[PDB]
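Here is what each chain is made of, one letter per residue.
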Amino acid sequence: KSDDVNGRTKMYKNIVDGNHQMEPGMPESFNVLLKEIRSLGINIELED
Amino acid sequence: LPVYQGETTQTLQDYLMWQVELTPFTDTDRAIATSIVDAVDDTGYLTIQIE
Amino acid sequence: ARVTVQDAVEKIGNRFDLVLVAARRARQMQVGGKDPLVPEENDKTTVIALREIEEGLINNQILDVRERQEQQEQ
Amino acid sequence: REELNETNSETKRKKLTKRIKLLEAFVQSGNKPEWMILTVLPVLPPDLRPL
(Lines give C-alpha, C1' and ligand atoms only; values in the text may rest on other atoms or scores of the structure.)
Protein backbone atom coordinates (compact mmCIF):
# COMPACT_ATOMS: atom_id res chain seq x y z
CA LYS A 1 0.00 0.00 0.00
CA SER A 2 3.02 2.30 -0.38
CA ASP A 3 5.25 4.09 -2.90
CA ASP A 4 6.78 0.79 -4.07
CA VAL A 5 6.18 1.08 -7.82
CA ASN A 6 7.36 -2.39 -8.83
CA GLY A 7 5.11 -3.95 -6.18
CA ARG A 8 1.67 -2.37 -6.60
CA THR A 9 1.10 -3.73 -10.11
CA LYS A 10 2.39 -7.16 -9.09
CA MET A 11 0.08 -7.26 -6.06
CA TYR A 12 -2.88 -6.17 -8.21
CA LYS A 13 -2.04 -8.97 -10.65
CA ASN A 14 -1.77 -11.53 -7.84
CA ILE A 15 -5.10 -10.43 -6.34
CA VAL A 16 -6.92 -10.51 -9.69
CA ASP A 17 -5.37 -13.93 -10.38
CA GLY A 18 -5.96 -15.09 -6.80
CA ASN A 19 -2.35 -15.72 -5.75
CA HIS A 20 -2.16 -13.67 -2.51
CA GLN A 21 1.62 -13.28 -2.48
CA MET A 22 3.71 -10.23 -1.60
CA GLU A 23 6.96 -8.97 -3.13
CA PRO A 24 8.41 -6.15 -1.01
CA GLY A 25 11.33 -4.92 -3.10
CA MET A 26 12.24 -1.43 -1.90
CA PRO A 27 10.24 1.80 -1.38
CA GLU A 28 10.98 4.80 -3.59
CA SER A 29 11.09 7.19 -0.61
CA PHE A 30 14.31 5.58 0.64
CA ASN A 31 15.88 6.23 -2.77
CA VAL A 32 14.64 9.83 -2.63
CA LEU A 33 16.22 10.22 0.82
CA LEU A 34 19.49 8.74 -0.48
CA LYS A 35 19.51 11.17 -3.42
CA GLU A 36 18.74 14.14 -1.16
CA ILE A 37 21.57 13.13 1.20
CA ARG A 38 23.95 12.70 -1.75
CA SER A 39 22.96 16.19 -2.93
CA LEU A 40 25.30 17.51 -0.21
CA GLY A 41 28.95 16.70 0.46
CA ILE A 42 28.16 13.45 2.28
CA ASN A 43 28.74 10.06 0.65
CA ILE A 44 26.26 7.29 1.43
CA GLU A 45 25.63 3.87 -0.11
CA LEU A 46 24.46 0.38 0.83
CA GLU A 47 26.86 -2.57 0.90
CA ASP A 48 26.18 -6.26 0.30
CA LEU B 1 5.13 22.21 -0.28
CA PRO B 2 7.94 20.19 -2.01
CA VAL B 3 5.73 18.05 -4.29
CA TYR B 4 2.83 20.54 -4.37
CA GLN B 5 0.36 18.22 -6.08
CA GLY B 6 2.44 16.17 -8.49
CA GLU B 7 -0.43 13.90 -9.49
CA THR B 8 1.01 11.26 -11.80
CA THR B 9 -1.52 10.80 -14.72
CA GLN B 10 -3.04 8.03 -17.03
CA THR B 11 -1.54 8.66 -20.54
CA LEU B 12 -3.05 6.10 -22.73
CA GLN B 13 0.01 4.25 -23.48
CA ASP B 14 0.17 3.83 -19.71
CA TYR B 15 -3.44 2.68 -19.80
CA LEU B 16 -2.62 0.13 -22.52
CA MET B 17 -0.06 -1.60 -20.29
CA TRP B 18 -2.12 -1.76 -17.17
CA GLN B 19 -4.35 -4.20 -19.13
CA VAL B 20 -1.28 -5.76 -20.56
CA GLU B 21 -0.42 -6.89 -17.11
CA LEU B 22 -3.58 -8.60 -16.47
CA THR B 23 -3.89 -10.16 -19.70
CA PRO B 24 -2.58 -13.74 -19.53
CA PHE B 25 0.29 -14.67 -22.12
CA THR B 26 3.92 -15.86 -22.17
CA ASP B 27 7.18 -14.00 -21.81
CA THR B 28 7.56 -13.80 -25.58
CA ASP B 29 3.95 -12.62 -25.87
CA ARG B 30 4.58 -10.06 -23.13
CA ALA B 31 7.76 -8.96 -24.88
CA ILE B 32 6.14 -8.41 -28.24
CA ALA B 33 3.29 -6.76 -26.43
CA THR B 34 5.55 -4.18 -24.93
CA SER B 35 6.90 -3.62 -28.28
CA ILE B 36 3.71 -3.14 -29.96
CA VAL B 37 1.96 -0.89 -27.52
CA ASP B 38 5.39 1.00 -27.25
CA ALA B 39 5.00 2.10 -30.61
CA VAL B 40 1.49 3.78 -30.53
CA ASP B 41 0.39 7.43 -30.96
CA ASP B 42 -1.82 9.87 -29.01
CA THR B 43 -4.35 9.40 -31.85
CA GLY B 44 -3.81 5.65 -31.35
CA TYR B 45 -2.65 3.93 -34.56
CA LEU B 46 0.49 2.41 -34.67
CA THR B 47 3.63 4.40 -36.02
CA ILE B 48 5.82 1.53 -37.27
CA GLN B 49 5.05 -1.16 -39.80
CA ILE B 50 4.36 -4.62 -38.50
CA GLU B 51 7.27 -6.12 -40.42
CA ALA C 1 -16.39 -18.05 10.56
CA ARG C 2 -13.91 -19.12 13.23
CA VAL C 3 -14.56 -17.05 16.35
CA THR C 4 -11.60 -17.87 18.63
CA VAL C 5 -8.24 -19.41 17.77
CA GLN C 6 -7.05 -21.37 20.82
CA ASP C 7 -6.71 -25.05 19.85
CA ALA C 8 -4.11 -24.29 17.17
CA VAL C 9 -2.29 -22.16 19.74
CA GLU C 10 -2.19 -25.12 22.14
CA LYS C 11 -0.93 -27.29 19.28
CA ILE C 12 1.85 -24.79 18.51
CA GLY C 13 2.51 -22.99 21.79
CA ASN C 14 4.89 -20.35 20.47
CA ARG C 15 1.96 -18.27 19.13
CA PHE C 16 4.26 -17.09 16.33
CA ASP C 17 5.18 -20.21 14.34
CA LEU C 18 1.45 -20.97 14.05
CA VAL C 19 1.00 -18.02 11.67
CA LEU C 20 3.93 -19.17 9.53
CA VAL C 21 2.67 -22.77 9.33
CA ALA C 22 -0.88 -21.65 8.51
CA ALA C 23 0.44 -19.28 5.82
CA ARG C 24 2.70 -21.89 4.21
CA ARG C 25 -0.26 -24.28 4.21
CA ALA C 26 -2.85 -21.82 2.85
CA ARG C 27 -0.44 -20.72 0.10
CA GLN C 28 -0.23 -24.30 -1.18
CA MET C 29 -3.98 -24.85 -0.74
CA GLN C 30 -4.71 -21.72 -2.78
CA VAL C 31 -2.13 -22.26 -5.53
CA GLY C 32 -3.23 -25.88 -6.03
CA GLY C 33 -1.75 -29.36 -6.05
CA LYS C 34 -3.04 -30.08 -2.54
CA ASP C 35 -6.28 -31.39 -1.07
CA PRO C 36 -7.87 -30.29 2.24
CA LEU C 37 -7.71 -33.23 4.65
CA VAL C 38 -10.57 -31.64 6.64
CA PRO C 39 -14.04 -31.56 5.01
CA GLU C 40 -14.64 -27.95 4.00
CA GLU C 41 -17.87 -26.10 4.81
CA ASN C 42 -17.87 -23.41 2.09
CA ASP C 43 -14.96 -21.60 3.73
CA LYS C 44 -11.77 -20.07 2.36
CA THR C 45 -8.35 -21.73 2.55
CA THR C 46 -7.25 -19.69 5.59
CA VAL C 47 -9.87 -20.94 8.06
CA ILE C 48 -9.69 -24.45 6.55
CA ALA C 49 -5.92 -24.60 7.08
CA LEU C 50 -6.27 -23.15 10.58
CA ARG C 51 -8.91 -25.71 11.60
CA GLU C 52 -6.83 -28.52 10.10
CA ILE C 53 -3.89 -27.34 12.22
CA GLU C 54 -6.04 -27.02 15.37
CA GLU C 55 -7.35 -30.55 14.77
CA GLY C 56 -3.83 -31.95 15.17
CA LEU C 57 -2.87 -32.95 11.63
CA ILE C 58 -0.77 -30.07 10.22
CA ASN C 59 2.38 -28.66 11.80
CA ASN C 60 5.98 -27.64 11.06
CA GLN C 61 7.07 -31.29 10.74
CA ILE C 62 4.43 -33.22 8.77
CA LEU C 63 4.47 -30.55 6.06
CA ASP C 64 8.26 -30.75 5.68
CA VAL C 65 8.11 -34.56 5.62
CA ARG C 66 5.45 -34.48 2.89
CA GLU C 67 7.41 -31.89 0.88
CA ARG C 68 10.58 -33.99 1.08
CA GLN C 69 8.65 -37.12 0.09
CA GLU C 70 7.09 -35.34 -2.90
CA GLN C 71 10.45 -33.91 -3.99
CA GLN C 72 12.19 -37.29 -3.71
CA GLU C 73 9.38 -39.01 -5.65
CA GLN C 74 10.12 -36.87 -8.74
CA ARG D 1 48.52 11.82 23.29
CA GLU D 2 51.78 12.92 24.92
CA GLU D 3 50.16 16.13 26.20
CA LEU D 4 47.20 14.21 27.62
CA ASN D 5 49.44 11.61 29.28
CA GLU D 6 51.94 14.06 30.77
CA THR D 7 49.83 17.10 31.70
CA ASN D 8 46.79 16.39 33.88
CA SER D 9 44.35 18.97 35.22
CA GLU D 10 40.65 19.72 35.64
CA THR D 11 40.40 21.60 32.33
CA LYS D 12 43.17 19.60 30.61
CA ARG D 13 41.43 16.24 31.06
CA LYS D 14 38.67 17.49 28.72
CA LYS D 15 38.73 19.40 25.41
CA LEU D 16 41.72 17.21 24.48
CA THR D 17 40.38 13.63 24.55
CA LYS D 18 37.63 14.67 22.14
CA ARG D 19 40.30 16.04 19.79
CA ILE D 20 42.19 12.73 19.98
CA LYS D 21 38.98 10.84 19.19
CA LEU D 22 38.35 13.20 16.25
CA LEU D 23 41.86 12.61 14.89
CA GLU D 24 41.43 8.85 15.29
CA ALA D 25 38.08 8.96 13.49
CA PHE D 26 39.60 11.00 10.64
CA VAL D 27 42.62 8.67 10.33
CA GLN D 28 40.91 5.27 10.60
CA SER D 29 37.98 6.14 8.33
CA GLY D 30 40.28 7.06 5.44
CA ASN D 31 38.31 10.23 4.69
CA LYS D 32 40.72 13.07 3.94
CA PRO D 33 40.29 16.25 6.03
CA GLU D 34 40.58 18.49 2.95
CA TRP D 35 37.41 16.75 1.75
CA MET D 36 35.46 18.86 4.25
CA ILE D 37 36.01 21.89 1.97
CA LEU D 38 34.13 20.73 -1.12
CA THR D 39 35.14 21.81 -4.62
CA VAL D 40 32.36 20.50 -6.89
CA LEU D 41 28.75 20.71 -5.81
CA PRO D 42 26.20 17.95 -6.50
CA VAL D 43 22.66 18.91 -7.54
CA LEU D 44 19.48 16.79 -7.33
CA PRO D 45 17.73 15.23 -10.34
CA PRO D 46 15.01 17.38 -11.95
CA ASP D 47 12.32 14.80 -11.19
CA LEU D 48 12.77 15.38 -7.43
CA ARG D 49 11.86 19.05 -8.01
CA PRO D 50 9.02 19.32 -10.55
CA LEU D 51 8.05 22.53 -12.31
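- The title given to this PDB entry is "CryoEM structure of bacterial transcription intermediate complex mediated by activator PspF".
- Turning to chain C, the UniProt record has this under Sequence similarities: "Belongs to the RNA polymerase subunit omega family."

## Quick look at the overall build of chain A
Then comes step 1: Looking only at helices and strands, one finds two helices and zero strands in chain A.
Then comes step 2: Across its three principal axes, chain A shows a C-alpha extent of roughly 50 × 20 × 10 Å.

## What about the interface of chain A and chain D?
As a measure of interface size, the accessible area lost when the parts come together is often cited.
Then comes step 1: Opposite the seven residues of chain A that make contact, chain D presents four residues.
Then comes step 2: For the side of chain A that touches chain D, the per-class residue count stands at two nonpolar, two polar and three charged.

## Digging into the packing of aromatic side chains
Then comes step 1: For the structure shown, the criterion picks out one aromatic pair over all chains.
Then comes step 2: Each ring, one from A:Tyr12 and one from B:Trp18, has its centre 5.8 Å from the other, and the planes form 50 degrees; the classification is tilted. Linking A:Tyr12 in helix α1 (residues 5-17) with B:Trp18 in helix α1 (residues 13-21), this pair reaches from one chain into another.
Then comes step 3: Its relative accessible area of 43% is what places A:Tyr12 among the partly exposed residues.
Then comes step 4: What makes B:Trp18 partly exposed here is its relative accessible area of 46%.
Then comes step 5: Directly above the ring of D:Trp35 sits D:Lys32, whose terminal nitrogen or CZ lies 5.9 Å from the centroid.

Scoring rules and cut-offs
Residues numbered from 1 in each chain as written, not as in the entry; some residues may be left out. Chains lettered and ligands numbered in written order. Part of a larger assembly, values for the part shown. Heavy atoms only, no water. Residues with missing side-chain atoms left out of burial classes, pairs and counts. UniProt positions renumbered as here; feature names shortened; annotations may be inferred. Helix = DSSP H or I, 4+ residues; strand = E, 2+ residues; numbered from the N terminus. Contact = heavy atoms within 4.5 Å. Nonpolar A, V, L, I, M, F, W, Y, C, P; charged D, E, K, R; others polar. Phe/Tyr/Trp six-rings, centres within 6.5 Å; stacked < 30°, edge-to-face > 60°. Buried < 20%, exposed > 50% of the residue type's maximum accessible area, 1.4 Å probe, protein only. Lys NZ or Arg CZ within 6 Å of the ring centre and 35° of its normal.

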